[PDB]
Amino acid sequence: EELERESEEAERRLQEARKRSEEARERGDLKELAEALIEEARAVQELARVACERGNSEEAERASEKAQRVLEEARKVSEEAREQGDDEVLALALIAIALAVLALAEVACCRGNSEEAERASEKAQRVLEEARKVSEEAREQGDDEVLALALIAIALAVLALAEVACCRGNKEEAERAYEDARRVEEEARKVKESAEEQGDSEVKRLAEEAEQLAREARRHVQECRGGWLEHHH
């Protein structure tokens, strides 16, 4: 009954985000569209986690279908963002993509479909590489906000990799995720400290998202299955 409240609220959030997405889409406002797709992805992640807790494969597959939809829409926005040379919107789109992939990973693991989980890992690897390029470009251009956004997309992607690596029991993937998470964590922390130094509170907040997402990814790998896939120092 508690999950019903969360499930219905999640669907409500998704529908409102879909309407906001359509409003921005008609106005050609890609930034608002991208932000709305992030909200959709958040809602879809919530639906997936509710499905996981209920053990309902039907609700889980529904969540995956919805995640795939957000993914494809965010892919289009990223394409349009690159055509306009709009790195900020691109980074936001990649966050939506990465969060959707994480949702796909969660469903794959909960449903126990290893093939479906590997596809999610491939998508996570893809968006990771794309987000890495954006972070490099932003860092060279001195765009601290875009950099921080790209790092969030990266951390979400590494979270997705950690997710699959754990439920598939693949130690090679787990090691890669672990090392990825440490790197992005350190990058995010430095961006956070530089922002604090300049009084750039917005960048600080964004860098903190990436940092804590990265920390969760590391914890997930290290603690997965009683520490079976843990990186030994």
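One rule holds for the numbers: they count along the sequence shown, beginning at 1.
Of 198 to 206 and 53 to 61, which one has the bigger average CA B-factor?
It is 53 to 61 that shows the higher mean C-alpha B-factor.
Of 126 to 134 and 151 to 159, which one has the bigger average CA B-factor?
Going by the record's values, the stretch with the higher mean is 126 to 134.
Which one, 189, 31, 42, 27, has the peak C-alpha temperature factor per the PDB entry?
Of the candidates given, the C-alpha B-factor peaks at 27.
Lowest, middle or highest third: where is residue 179 by C-alpha B factor in its chain?
For residue 179, the deposited C-alpha B-factor lands in the middle third.
Lowest, middle or highest third: which one holds residue 108 when the chain's residues are ordered by CA B-factor from the entry?
It falls in the middle third of the chain.
Where the record places residue 173 (Cα B-factor, split into thirds across the chain):
Top third by C-alpha B-factor.
Taking only the Cα B-factors deposited for this chain, tell me whether residue 117 sits in the lowest, middle or highest third.
Highest third.
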